[PDB]
Amino acid sequence: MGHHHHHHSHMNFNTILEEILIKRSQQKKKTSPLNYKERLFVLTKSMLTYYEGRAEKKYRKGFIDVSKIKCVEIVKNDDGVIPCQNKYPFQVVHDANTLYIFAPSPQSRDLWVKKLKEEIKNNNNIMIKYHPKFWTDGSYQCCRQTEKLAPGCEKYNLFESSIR
Ligand SMILES: [Zn+2]
């Protein structure tokens, strides 16, 4: 059972950047681990949207608006080892929670963090501070305030001079 097609061309508009990225889903007291889910992510000026044409589960096709984003940075990892197969993760704080996305390469991470900052620079939703560590629910991260969206423990340079 469970064998038929359901493909329709729901194409996104003018893309800035697309890549096969890993979404670490933030679990909370339910039947979910810290799932590393490698999907196709496309960034547009209106929305960051991922792709999962699952021919098995009615899996959650979520999306983030650029205006929902409050902070984008690289994840300066406090741990020894990066858990996922992909390494050099970046973080996207938004209306709900702080999302964590592992890039295949530090090349991918660099360009993604960059382009996201270049979009969210015009938002009035941006916290002047961000969280450097892994915001996992009720865990011992940077400020140990991981419950609800704290306004950042380290200072966020929205316009950071990468210039050498
Ligand atoms: Zn913190």
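Residues numbered from 1 in each chain as written, not as in the entry; some residues may be left out. Heavy atoms only, no water.

- As deposited, the entry is annotated with solution NMR as its determination method.

- The name recorded for the chain in the PDB entry is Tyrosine-protein kinase Tec, from Homo sapiens.
- This entry appears in the Protein Data Bank under the title "Solution NMR Structure of PH Domain of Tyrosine-protein kinase Tec from Homo sapiens, Northeast Structural Genomics Consortium (NESG) Target HR3504C".

**Some words on the pairing of strand β7 (residues 98-102)**
Regular strands have side chains that alternate between both faces of the sheet.
Here is step 1 of the chain: Taken across its five residues, β7 has five buried, putting it largely inside the fold.
Here is step 2 of the chain: Burial along β7 is two-sided: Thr98, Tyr100 and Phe102 facing one way and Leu99 and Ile101 facing the other are all buried.
Here is step 3 of the chain: Judged from the three bridges that link them, strand β1 (residues 15-24) and β7 form a sheet pairing that is antiparallel. Bridge pairing links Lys23 to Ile101 in β7.
Here is step 4 of the chain: Here strand β6 (residues 89-93) pairs with β7 via five bridges, running antiparallel. In the sheet register, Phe90 faces β7, and the bridge partner there is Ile101.
Here is step 5 of the chain: With antiparallel pairing between neighbouring strands as the criterion, β6 and β7 make up a hairpin whose turn holds four residues. (Buried < 20%, exposed > 50% of the residue type's maximum accessible area, 1.4 Å probe, protein only. Helix = DSSP H or I, 4+ residues; strand = E, 2+ residues; numbered from the N terminus. Pairing = 2+ DSSP bridges.)

**Regarding the nonpolar core**
Here is step 1 of the chain: Counting 26 residues, the largest nonpolar core has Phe90, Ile101, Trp112, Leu116 and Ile120 as the members making the most contacts within it.
Here is step 2 of the chain: Elements with a minimum of two residues in this core: β1, β2 (36-44), β3 (47-51), β5 (71-74), β6, β7 and α1 (106-120).
Here is step 3 of the chain: At four residues, α1 tops the list of elements feeding residues into this core.
Here is step 4 of the chain: Listed in part, the nine residues of the second largest apolar core include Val75, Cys84, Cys142 and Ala150. (Core = buried A, V, L, I, M, F, W, Y, C linked by side-chain atoms within 4.5 Å.)

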